[PDB]
């Protein structure tokens, strides 16, 4: 009886052949699939294969693809590890001047409670990521409302973001504002600075500077008197020229033509420009960002609270001069039902838009392209009701490369019921779509990594991510959970991130190679002590030392404390108390309440021999509310020594007489 070998044609049922191969080969052998796709009736032991793809219909009629290691040149990274509920990179990621930015929201729930719009960044092409930065504070009217953001990107050297205000109670949109800020840059320039004689302003030529009046500018080596150090923009002449006010003037014209100098700019030292757009009607969320040109950009949106749904974009044609001016452009009406959260990108005059489907039992994600920034469209529906996921994407060559994640295991397929309230391993997929062929009928979703959905609450932080390309690599930044319960049902219904393991949602990044890498590897194993967040150095005395300024806002318990000399050429140690008032007090002692007191001393020890003392006795002290003032001089300066009340308290007593009183006149008795 002849045996069949594995065909790897994606049609022949290769299950038997693969089973025999696995049974007959040592467990440590890496079975090479030669880049082929093997149809199977169940997924085999995938870990024993390299360079293999499986096609499997978990639900009959719905083939999906599954990658062994090395089939794709790619790798998953964990990029945040914070107790906040860290999720929703959707759809904010971007690359600027070699740095990859992964913005997200860190909250305590699916909502705006405790929420900061945040980012982490990578300065090494995704191998390592920075300490989280808060981009927004808690709203001034917290806890009624707080901020929210799902649209962010860069246009002409400025960060632009749709900063929404939403209620804590219902996550209801109350306000939309466009916030923008110059990105930090160093510029190494030749010429371009002029300063007319007998006046104090200098004109700086920097093409497409993206700065506004009041923005930070720093100068080095200008060779133009007074154009030096930290300055600010005084005027903007046009998109390529601005002026600064110098502190001085010269009798001759200055011009640094042919001379090399340095600028830069600063995100942190420049204010946000905030443009109030009010409550934009018929909007649930603003989501995703497509830079159009040197003047403006589009942001996606949907309305999904009331029938009928809208999905589309807002185009801001000139966000620099007119940040309040935008035009609403909807996708075709047939694609709007059961749709939300469109991802938009612009390539070579084509605006591409991909929707999120809201139901597994109705037509789902659809793709649209426009050559007139959303006025007219060509459209396609993905087969099998793609739902619950956004599909962020980039265009590489003729392909859109899109990523998505089911929110819990076995939810991807059409007709698949939601599967919440239990731990599972949701699948993350990518797919390619050739824009010339414009047909998604035969799309191949390839499962490249699995995440964890914790199951302690109905909500999932898995997925809902964002995509960027840098060089020859594509990056999908997205959420994933772990098995640590937030104890919402349990001892942490208040959702305090700092109890137990906080919230399991954190960010991941799938880094996938999309073109040739013509350099030797930059990869390293990280073996360092992470020393950015709380920088520690063992000092020459052998004691851990943190030289960075820090803020501890949570309740602190301290042991023995020494306040070191720090202030005014280190002449003094200093504690400053804020608020309307400060309070320094004494707890009720647990074991000896009869001793309750604080001793304040001008010297080193509890013995009054070491310095003048004032001792405030607690109410619980045997000598209740006593004060003892103990010094070798008691000198009352600048004011009379008075009783608080009139004719109620005395000087001295029968058993505490003053020897005498030294007076400049007889007592005034009345």
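Residue numbers count along the first chain shown, from 1.
- In this crystal structure, the stretch out of 353-361 and 187-195 whose C-alpha atoms carry the higher mean B factor is 187-195.
- 328-336 and 509-517 differ in mean CA B-factor, and the higher of the two is recorded for 328-336.
- Between the residues 406, 450, 141, 413, the entry's highest C-alpha temperature factor is the one at 141.
- Taking only the listed residues 549, 479, 103, 374, the entry reports the highest CA temperature factor at 374.
- Among the modelled residues of its chain, residue 554 has a C-alpha B-factor that falls in the middle third, as given in the PDB entry.
- Among the modelled residues of the chain, residue 593 sits in the highest third by CA temperature factor in this PDB entry.
- Residue 118: CA B factor lies in the lowest third for its chain, per the PDB record.
- Per the deposited record, the Cα B-factor of residue 54 falls in the lowest third when ranked against the other modelled residues of its chain.
- Annotation for residue 309: C-alpha temperature factor in the highest third relative to the rest of the modelled chain, per the entry.
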